[PDB]
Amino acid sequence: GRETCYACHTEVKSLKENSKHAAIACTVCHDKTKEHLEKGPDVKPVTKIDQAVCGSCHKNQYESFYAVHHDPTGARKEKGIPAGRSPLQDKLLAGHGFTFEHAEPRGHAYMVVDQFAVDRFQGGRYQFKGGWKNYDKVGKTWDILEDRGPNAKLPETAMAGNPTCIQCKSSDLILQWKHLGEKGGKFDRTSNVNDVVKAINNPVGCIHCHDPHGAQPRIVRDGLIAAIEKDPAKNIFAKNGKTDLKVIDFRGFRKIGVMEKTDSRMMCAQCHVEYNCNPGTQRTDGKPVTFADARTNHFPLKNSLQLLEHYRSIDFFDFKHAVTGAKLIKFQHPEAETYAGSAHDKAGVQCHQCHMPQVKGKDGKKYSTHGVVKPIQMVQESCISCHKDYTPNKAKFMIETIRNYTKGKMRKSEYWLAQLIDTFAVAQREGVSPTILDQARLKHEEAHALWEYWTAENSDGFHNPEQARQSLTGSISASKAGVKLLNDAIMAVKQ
């Protein structure tokens, strides 16, 4: 029937004919095609967004994504603890919902459960069925979780969860979400998150990185496309004033991004970026900033050195610091804007060679693992595959040495930000001029922007050790200047 179909659907024809899924019948993935043909457009075929469908001919990539492993140091690692990645989180994000719960990332099959379950998502509404003994279960979101209802309370929770959230945890809304979550789809940015979640059965789909119609490498994330289109020539994935991406737009409803070849920097940047997906405040005007605003589904693709002036180049911030009152950027996982322009990036290395390395599955067949690898934990396949002369110790030595040097500056950045913050509050009480407290607000704004980036970022400098050193020394520098002048004012008050 395929020629019948292609009559009103030529983008699928253009993707699929002469592709590597050429021979796959429209019926392996779309149900009720007959009722579509026989009573027309009105009756849509059913497209069950499902890794198992891809799995039936790609068992390795399917079983590797779903394999359960137990890190014996456990999961749900709060960042905010003394020996954690963000030891002065509570002080430095005072005001922000990340103060309720922010844990370290774990495996991809858990991304839906984990966002819905975290204390900051929806007031603790959603919970693991059977609780802790079932924290390692993978598969279907609502086989794993229960919903204790709209009116349930859990103490020391928050209500950060929103529709745009879901776009970096599932390919489930790919046909039910119009571009940037403007209206006209099943869901949009203004939708109740508690409607949206019951539609989310799967983590990141096979379809997120790989065209089902043609097996092309690709991207579906709306905000990323918006960003690769705002800057096709000078964006972090660009080359020669051009990017290996061509947008296909359906009905003016949705868009995909076929790259002529693999750039896992782009597949991975669909979620491993800094992003605004939340309500905010305006810098100029002080007005709230709403889900009706398209800055609430937004990929800046700026690094640590650029992000402050970007969020000023859009009169956008996330939150006032509960003490200093400074208009702060909330930073999240910028692995893409970090990795950009680094040693490995420069050398043509992409996320997949370190994070999805080659393994012998089947009975003796080669593939890329789709359970993403933590490389310190797999130096032979993550590092020595390329660095042929490296011993496991040397590989580990390198990752940890860079981590050590970076974390040293991260930790000092925090010492100074804590010092600014406390110094600010002493200034206020010693009555210090409110004109100056502004000046200091800008210094906390700067010092925070060049620090929080790196706790938000997951590599402790490995992804870009020069950018991390220039950033974090930047932060230390802004805080000392900020504490200097506050301290200067607090003697002048008394002079």
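Residue numbers here begin at 1 and follow the sequence given.
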Going by the entry, of stretches 446 to 454 and 38 to 46 the one with greater average Cα B-factor is 38 to 46
Between 246 to 254 and 327 to 335, which has the higher average C-alpha B-factor in the PDB entry?
246 to 254
Highest recorded Cα temperature factor - choice among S64, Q470, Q439, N464
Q439
Considering only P217, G408, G286, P203, which residue's Cα atom bears the greatest B-factor as recorded?
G286
What third of the chain, by the recorded C-alpha B-factor, contains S413?
lowest
Comparing against every modelled residue in the chain, figure out the third that the C-alpha B-factor of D71 lands in (lowest, middle or highest).
lowest
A395, C-alpha B-factor rank within chain (lowest, middle or highest third)
lowest
B-factor third for the C-alpha atom of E309 within its chain
highest
Chain-wide C-alpha B factor ranking for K183, given as lowest, middle or highest third
highest
